[PDB]
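Quick setup: one chain, the form solved without the ligand, written in structure tokens, and binding and motion questions come after.
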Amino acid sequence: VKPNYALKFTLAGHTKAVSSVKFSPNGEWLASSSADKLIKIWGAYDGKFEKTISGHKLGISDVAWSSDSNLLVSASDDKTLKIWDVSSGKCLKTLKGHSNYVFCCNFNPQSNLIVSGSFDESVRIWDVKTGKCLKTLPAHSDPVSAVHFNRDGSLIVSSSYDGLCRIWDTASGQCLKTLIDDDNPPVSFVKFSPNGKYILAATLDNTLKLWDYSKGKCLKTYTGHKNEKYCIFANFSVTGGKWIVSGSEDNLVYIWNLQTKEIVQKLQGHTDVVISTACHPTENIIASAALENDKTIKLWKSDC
């Protein structure tokens, strides 16, 4: 079986490179962040523009939804994160503490904590309610490219241009595991699988890898795309067939069969690097976003 993603909508509005796209967990919305300092909200099924959320002083590298789709957190070059009430557009808290650009962010499943990664080489854990920095982890020796909580929020996985993937105990801040595969290319993205058993990691040597983190073993490799320069997001698509989805520096969206590792579809249309992709939580819909020469987001739909 192979999917049949087809272009449905193109979303224009950002004035600079788009950096990250994410669907709300309730499937109603798409949030996008950009180097233009703005967050934009769009309808997930029709691509209709909803509103702009402003307040950061410099460009934004990431945005993430809370579990209940009520809040967003954004990470900016202004060295802050901001927690937003999506329905009102209000900035509830500004998270100050990183000493350099904030690159990545996520809520935990309970949505009471935020994790962030920065050019200052640290991973920070923040209290959502008070906006206070609870813990600072001296995590890496180069910028932190991604941070993500596991299924119950007990662990954090982080990646960095230093070539490492690390697993941290949320409660103690202890480094439980360092994962690396015999070459040291920058690790440009990492996330836990929906079931929490695996970690999907991207490296700047044109490779995605699926790790069993309990065993510290690489189980699957996905190749064929171009990724040597940018921190491109990758996803598990689970609504229909089980795929791995990623953007690429050759301007395409790549889709692989998770089990066989074969490329099953390539989505053509963007005119610059596809930096971010997201998979809709219930429908076979992919959102893709591109860099400065393109500035658009595309919504693609498949029958499987």
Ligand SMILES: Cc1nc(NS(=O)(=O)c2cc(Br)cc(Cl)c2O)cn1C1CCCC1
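Whichever C-alpha set is largest while still superposing within 1.5 Å between the two forms counts as the rigid core. All residue numbers refer to positions in the sequence shown, first residue = 1.
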Core fit done; bigger CA RMS in 9 other deposited structures of this protein for 173-181 or for 113-121? 173-181
Give the stretch, out of 55-63 and 262-270, with the larger mean C-alpha temperature factor in the deposited entry. 262-270
Higher mean Cα B-factor in the deposited model: 102-110 or 175-183? 175-183
Could you tell me which one of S154, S116, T207, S145 shows the highest CA temperature factor in the PDB record? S154
Looking only at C91, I232, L164, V73, the Cα with the top B-factor belongs to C91
What third of the chain, by the recorded C-alpha B-factor, contains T239? highest
Taking the entry's C-alpha B-factors for this chain, is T282 in the lowest, middle or highest third? highest
Pull the Cα B-factor of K135 out of the PDB entry and bin it into the chain's lowest, middle or highest third. highest
Taking the entry's C-alpha B-factors for this chain, is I39 in the lowest, middle or highest third? middle
Would you check the entry's CA temperature factor for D77 and let me know if it's in the chain's lowest, middle or highest third? lowest
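Heads up, the form deposited with the ligand bound isn't pictured, but that's what we're talking about next.
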At 4.5 Å between heavy atoms, is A171 in contact with the ligand in the entry with it bound? no
With the partner left out of view, is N206 within 4.5 angstroms of the ligand in the entry with it bound by any non-hydrogen atom? no
Would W243 show up as a contact with the ligand in the entry with it bound if we use heavy atoms at 4.5 Å? yes
With the partner left out here, check for me: in the entry with it bound, does some heavy atom of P194 sit within 4.5 Å of the ligand? yes
Stretch in contact, per heavy atom within 4.5 angstroms of the ligand in the entry with it bound, of 65-73, 262-270, 234-242, 24-32: 234-242
Can you pick out, from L155, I125, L210, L179, the residue that has a heavy atom within 4.5 Å of the ligand in the entry with it bound? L210
Can you work out which of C175, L92, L134, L219 has a heavy atom no more than 4.5 Å from the ligand in the entry with it bound? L219
